[PDB]
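What follows is one structure encoded as structure tokens, with my remarks underneath.
Derivation of every value follows stated rules applied to the coordinates shown; laboratory data play no part. Note that we place each Cβ from the backbone using ideal geometry, even for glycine, and neighbour counts take in every protein chain shown.
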Amino acid sequence: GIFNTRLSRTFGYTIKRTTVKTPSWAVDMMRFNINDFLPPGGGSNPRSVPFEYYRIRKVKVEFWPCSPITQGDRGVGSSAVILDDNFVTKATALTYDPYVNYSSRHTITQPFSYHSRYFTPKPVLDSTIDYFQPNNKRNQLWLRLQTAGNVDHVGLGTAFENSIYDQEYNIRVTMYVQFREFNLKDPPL
Amino acid sequence: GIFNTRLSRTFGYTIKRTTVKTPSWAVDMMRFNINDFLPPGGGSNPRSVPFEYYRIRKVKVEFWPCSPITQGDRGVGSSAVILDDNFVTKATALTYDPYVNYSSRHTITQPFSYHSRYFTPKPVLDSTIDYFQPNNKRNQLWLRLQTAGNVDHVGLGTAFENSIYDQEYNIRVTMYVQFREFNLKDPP
Amino acid sequence: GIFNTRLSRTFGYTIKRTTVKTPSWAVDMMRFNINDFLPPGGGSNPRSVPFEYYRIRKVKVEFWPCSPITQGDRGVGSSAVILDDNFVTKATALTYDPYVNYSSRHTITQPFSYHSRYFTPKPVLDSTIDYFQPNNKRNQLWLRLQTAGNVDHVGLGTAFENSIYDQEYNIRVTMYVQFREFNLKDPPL
Amino acid sequence: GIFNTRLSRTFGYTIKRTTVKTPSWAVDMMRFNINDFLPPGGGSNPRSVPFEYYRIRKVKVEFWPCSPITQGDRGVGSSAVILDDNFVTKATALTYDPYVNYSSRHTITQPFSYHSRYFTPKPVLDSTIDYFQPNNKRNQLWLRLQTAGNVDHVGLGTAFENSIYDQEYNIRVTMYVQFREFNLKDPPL
Amino acid sequence: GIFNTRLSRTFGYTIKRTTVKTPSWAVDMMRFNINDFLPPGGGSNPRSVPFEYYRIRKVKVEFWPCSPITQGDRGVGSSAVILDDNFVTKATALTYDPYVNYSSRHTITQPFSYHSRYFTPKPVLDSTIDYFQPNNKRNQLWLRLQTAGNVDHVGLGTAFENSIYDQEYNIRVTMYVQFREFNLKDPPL
Amino acid sequence: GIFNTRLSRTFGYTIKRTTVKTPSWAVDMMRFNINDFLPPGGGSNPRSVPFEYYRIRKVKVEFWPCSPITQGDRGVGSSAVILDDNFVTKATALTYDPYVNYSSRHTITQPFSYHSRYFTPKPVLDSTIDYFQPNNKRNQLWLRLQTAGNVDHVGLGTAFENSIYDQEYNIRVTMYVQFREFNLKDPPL
Ligand SMILES: O=C(O)[C@@H]1O[C@@H](O[C@H]2[C@H](O)[C@@H](NS(=O)(=O)O)[C@@H](O)O[C@@H]2COS(=O)(=O)O)[C@H](OS(=O)(=O)O)[C@@H](O)[C@@H]1O[C@H]1O[C@H](COS(=O)(=O)O)[C@@H](O)[C@H](O)[C@H]1NS(=O)(=O)O
């Protein structure tokens, strides 16, 4: 019983100002979990979408700027796809862009420019070995939609060039999911 | 955001014995409401299934017997589709079968036999005037999925020949619905 | 169980004389109900036609004159189709023909001339909103054939030019109906 | 104004037990009249189906058993079509099956078995001469739908083998009729 | 007597400022009635467009901004189509965008960006059951053009992200309507 | 914004009796103005049909008789088309039919006979020079729909033969007009 749908979530991210003169970059990570998109249900149905299995097909991360188009001290960054839960260490002012030479690098124009990334994440099945599957719609694993313990999906790391002014963003993540085995429970009343 | 699916429910129905000698029948109706099939949800989502709209396509009533095959005093009855919520009056022992001559009559063997009906019900918009639409998948209306006030649908009435023994059935209903407008809400 | 048939009914209508010199018109309305065409039945069958549902397909209103061909002070009127239960107010001597500029106006030659109107009426489902369906034989609503409370169908308004002489008519309404679900009940005797 | 429809009626028939050891048969007859299927009407319409003429096209006699499938002392009988109102005399325990060598004989398995007969009856126009028409849909006579004096149609006789146990049946007769000349009368009220 | 035309109306909407730091959204509703587009007439014609029936085909809601392109604290919202008169409750600062996961969601870039929505509304025939028709130009119901009591059409709800600055808009609604049965009345003078 | 419609108006005309023995004719004129067909509107819309420009395409003058078919002293007259506002002088009993030799003459049988004339009128732009355009649907001038000062259109003159009895008529003029530039005004309320 397949049901392809779309789940979204919005949150903020700010790159604080720095008095540093050099071009330094701010590094951060981004994971994706389905608990943040799918709330708990009620009653005999533990989740709000009554299905048993799921598998995330795609994610769309949108960096919607919060800064005016008149803001100066512009910069240039990079967003890369990291499917293994080993990101570059979080840094405030690093002397280089680590994600620049990555094959999945897209340039981030800053601060007042929109940046989208559309990709297929991978689940963290074993963080010790960090193995994942290649892209195959027919062979992608089905995970279970747990009650409160779903596994973290992974796949984006960023590097933003710091500035004299604060750079704020409203980040909207949209997960395109595919459920299976409609499992609604209908007790009496 | 269409989503076809299937919902079901189970309950019992019995026909108490009668010392009457003549062939008499017992009458009873049957309504259909979605609140019985779809429990309430939790939190911001009032219903377990997050959509706004629905419109019933079909219903499948299943009279599963509870009796053995060796039971005697066999009889015969009838069921018919009634799309107005104005049925024949409920009765214990009536001297004729009202539902026999209706064009939508399907015979009912008794007591140990399976019986099924597969049709399109209709809603009750105005019980005074009792109007509805002909069968059309494209022009069917879209109803709202209320919080605790959904409308009763209709479409079946029955007539069972009485007997010396108690006739018990397990009734399974199955609905084929079609939702729209995925309306999930994700608070922090 | 479809059964298309034809039901008729006959009644009178008179436009009384007036001493008024001007050309004035007499306005009146005309509704259609199935109780006036279908009598009550007997016994377990509440109606004389043993069916459950109905829907009126067409109506033929015939103004059969009662006046001789030698009658003078002739006039000219109008009949229009009003599918919403909001007619022009009934008037005895109105200074104009209200139904003249209606798109459904047919001229009524008076007094000794035959006038027919053949159209599809509409039921009064909500008199507050006054909504109706367009003409579609396949999508027309089925109403219930009630016992003594059927709903009024609507669709004709008239305007007759007054005269020094009385203008009488014998009006024959014929409804072309379509029933469904033969529901005869046969108790013993 | 033709209207083909279907009228039904249900009643009981029992073959009482006998201590007789031999195989004996119980003989009985079955006539069909339209008064038992069509009740009287009400008012100016004397009958509930408002038509003038009729002619019975077919009849379906269904012997629905009332006995369990575990009942013993089973037997074998015969049902024949008798279109002339001269049946074998009614008998309780006759030493043979009279309807066995009839060209229209169908075997009746007893007691817990269903038996249907579908045929075209004939009316009793003259019981002295007992004449009837062959099967012709185009030339079949139209009778009048009388008020309380319709003529008996004929066409089935049976022979059931007796048993130590009582053999009950619920007999459902269905007549497929064809009416003509819709004659509804609509007085005022 | 069909006459397709276009009726417009302009009004304001402001999202007041908030000292709240989080990303919160301001929720509001939008209904459409023909009294706000069609004024009352004069004399025997109760309305200014002399027709009897109407049905709204489409509506175009245009959010024309009032804010300069230099305004900061930009945001992102959502507009959805709600054809049933049960909107998300009006809120000043809600912690999420309710209309984000709706199938009819269009993103609203704020504050200095134009947003249009072009759709087919539905009338509020029964607010208790809240039933409506699918899109069909041939089967769409005709309503009556009442004098002062027309029924509210429905179909848009919004969610605007709040800001430190006031966000003003000039909203221009354009209804594309279709009238029927020209009913002009011409008394003497 | 073109809208072709049809506007009507009804009024009386009587040819009084004369004791004169000779065959004499009664001459009269007939002009057409849109104020008599289109009433004043209400509010910001000065007219009831909300358009700016107009041009009359055709007019249908219908002489509907008021006299019985048994009336004697019958006669014969003439109706001609006069597109220039210079009619034959109005006369009570003229010794000849002036409109008889006109190229646009149609015979009027009197008194109990119907007479129609269907033609294209012309406006009175300059009564001193009396110039008009030939018939051309594509080149016909657009006039303005004034508030209370529209220009008179012209195009029919008649000659009725007098009689011992009074000859009454109900004259129904129907103008087929074509408007342009829908100009509805919708203030608030
Ligand atoms: O007691 C609760 O309500 C807990 O709900 C869930 O935690 C939510 C919290 O409910 C929610 N607020 S709400 O408006 O009350 O819904 C918001 O605070 O987020 C928190 C954290 O959610 S997150 O998904 O962890 O981010 C948890 O349940 S669930 O989301 O896993 O379903 C859990 O912490 C609580 O629910 C459990 O307890 C309920 C009450 O009974 S008892 O007193 O705990 O025995 C029980 O009925 C629930 O079934 C149970 N949740 S289960 O699904 O894990 O069984």
Considering residues that are aliphatic (A, V, I, L, M) and within 13 Å of the chain's Cα centre (by Cα), the number found within segment A:3-36 is 4
Only one of B:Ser67, B:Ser79 is more than 30 Å from E:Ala80 (Cβ to Cβ), surrounded by fewer than 21 Cβ atoms within 10 Å (Cβ to Cβ), more than 16 Å from the ligand (Cβ to nearest atom) and touching a residue at least 24 places away in the same chain (Cβ under 8 Å), namely B:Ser67
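Residues are listed down the side, and each one gets a yes or a no for (1) within 16 Å of the ligand (Cβ to nearest atom); (2) small (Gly, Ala, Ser); (3) buried (at least 16 other Cβ atoms within 10 Å of the Cβ):
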| position | (1), (2), (3) |
| --- | --- |
| A:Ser24 | no, yes, yes |
| A:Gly43 | yes, yes, no |
| A:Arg47 | yes, no, yes |
| A:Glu62 | no, no, yes |
Scan segment A:124-131 and tell me whether some residue there is within 16 Å of the ligand (Cβ to nearest atom) and more than 19 Å from A:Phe32 (Cα to Cα). no
Test C:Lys58 against the criterion of being charged (D, E, K, R), farther than 30 Å from B:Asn101 by Cα and touching a residue at least 40 places away in the same chain (Cβ under 8 Å), and give yes or no.
no
Of the candidates E:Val100, E:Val88, E:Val124, E:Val151, the one satisfying the condition of being in contact (Cβ under 8 Å) with a residue 24 or more places away in the chain and in contact with a helix residue (DSSP H, G or I) (Cβ under 8 Å, 6 or more places away or on another chain) is E:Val88
Over segment F:102-119, the set of residues of a type in the set (A, V, I, L, M, F, W, C) and in a loop (DSSP other than H, G, I, E, B) is F:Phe112
Only one of (1) within 16 Å of the ligand (Cβ to nearest atom); (2) more than 12 Å from chain A (Cβ to nearest Cβ) does not apply to B:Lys16, and that is (1)
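Given the residues B:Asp36, B:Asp73, B:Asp85, which is the only one that is closer than 24 Å to C:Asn45 by Cα, away from the ligand (no atom under 16 Å from the Cβ) and crowded, with 16+ Cβ neighbours inside 10 Å? So that I can check it myself, show each step before the final result.
Numbers: B:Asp36 fails: closer than 24 Å to C:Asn45 by Cα; B:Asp73 fails: closer than 24 Å to C:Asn45 by Cα.
Only one candidate qualifies: B:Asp85.
Criterion first (more than 9 Å from every other protein chain (Cβ to nearest Cβ) and either of a type in the set (A, V, I, L, M, F, W, C) or more than 26 Å from B:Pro187 (Cα to Cα) (or both)) does E:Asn139 satisfy it?
Numbers: more than 9 Å from every other protein chain (Cβ to nearest Cβ): no; either of a type in the set (A, V, I, L, M, F, W, C) or more than 26 Å from B:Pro187 (Cα to Cα) (or both): yes.
In short, no.
If you go through segment A:104-141 one residue at a time, how many are of a type in the set (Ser, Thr, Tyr) and over 18 Å from the mean Cα position of the chain (by Cα)?
As a first pass, look at segment A:104-141 and keep what is of a type in the set (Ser, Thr, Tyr): A:104, A:107, A:109, A:113-114, A:116, A:118, A:120, A:127-128, A:131.
Imposing the further condition that a residue be over 18 Å from the mean Cα position of the chain (by Cα) reduces the set to A:109, A:113, A:128, A:131.
The qualifying residues number 4.
Wholly within segment C:46-101, which strands (runs of 3 or more DSSP E) include no fewer than the required count, namely at least 3 residues that are more than 11 Å from chain F (Cβ to nearest Cβ)? Can you show your working first?
On the way: elements: C:51-65, C:75-80, C:91-94.
Output list reads C:51-65, C:91-94.
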Inspect segment E:11-19 for any residue being in contact with a helix residue (DSSP H, G or I) (Cβ under 9 Å, 6 or more places away or on another chain) and touching a residue at least 40 places away in the same chain (Cβ under 8 Å) and give the result as yes or no. yes
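Just give me the residues in segment F:94-132 being within 30 Å of F:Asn45 (Cβ to Cβ) and out of contact with any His (no Cβ under 8 Å at 6 or more places or on another chain), in sequence order. Show your work before the answer.
So in segment F:94-132, the residues within 30 Å of F:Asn45 (Cβ to Cβ) come out as F:120-125.
Selection gives F:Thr120, F:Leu125.
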**Message:** Just checking, does segment D:120-142 include any residue being in a strand (DSSP E or B), of a type in the set (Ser, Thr, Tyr) and within 30 Å of B:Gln110 (Cα to Cα)?
**Reply:** no
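In segment C:20-43, what residues are closer than 23 Å to F:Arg9 by Cα, touching a residue at least 60 places away in the same chain (Cβ under 8 Å) and either within 14 Å of another protein chain (Cβ to nearest Cβ) or among the small types (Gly, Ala, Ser) (or both)?
Start the filter on segment C:20-43 by keeping residues that are closer than 23 Å to F:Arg9 by Cα, which leaves C:20-29.
From what's left, touching a residue at least 60 places away in the same chain (Cβ under 8 Å): C:20, C:22-29.
Result: C:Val20, C:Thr22, C:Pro23, C:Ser24, C:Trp25, C:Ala26, C:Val27.
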Residue set A:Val151, A:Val173, A:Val177; condition within 16 Å of the ligand (Cβ to nearest atom) and closer than 22 Å to B:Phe182 by Cβ; output residue A:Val173
When segment A:137-148 is checked residue by residue, the ones that are within 16 Å of the ligand (Cβ to nearest atom), within 16 Å of A:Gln178 (Cα to Cα) and polar (S, T, N, Q) are A:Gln146
Of the conditions (1) surrounded by 21 or more Cβ atoms within 10 Å (Cβ to Cβ); (2) under 19 Å from the mean Cα position of the chain (by Cα); (3) among the basic types (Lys, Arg), the single one that E:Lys90 does not satisfy is (1)
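When the residues of segment B:149-186 are narrowed to those that are hydroxyl-bearing (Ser, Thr, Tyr) and not in a loop (DSSP other than H, G, I, E, B), which ends up surrounded by the most Cβ atoms within 10 Å (Cβ to Cβ)?
It comes out as B:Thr158.
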If we keep only residues of segment F:122-148 that are closer than 10 Å to F:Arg55 by Cβ and of a type outside the set (A, V, I, L, M, F, W, C), then the residue surrounded by the fewest Cβ atoms within 10 Å (Cβ to Cβ) is F:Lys137
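From the list D:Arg6, D:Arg17, which one is closer than 27 Å to D:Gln146 by Cβ and either surrounded by fewer than 16 Cβ atoms within 10 Å (Cβ to Cβ) or not small (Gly, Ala, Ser) (or both)?
On the way: D:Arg17 fails: closer than 27 Å to D:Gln146 by Cβ.
After ruling out the rest, the residue left standing is D:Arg6.
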Residue under question is A:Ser163, and the condition is that it be among the hydroxyl-bearing types (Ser, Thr, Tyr) and farther than 30 Å from E:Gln110 by Cα; does it hold? no
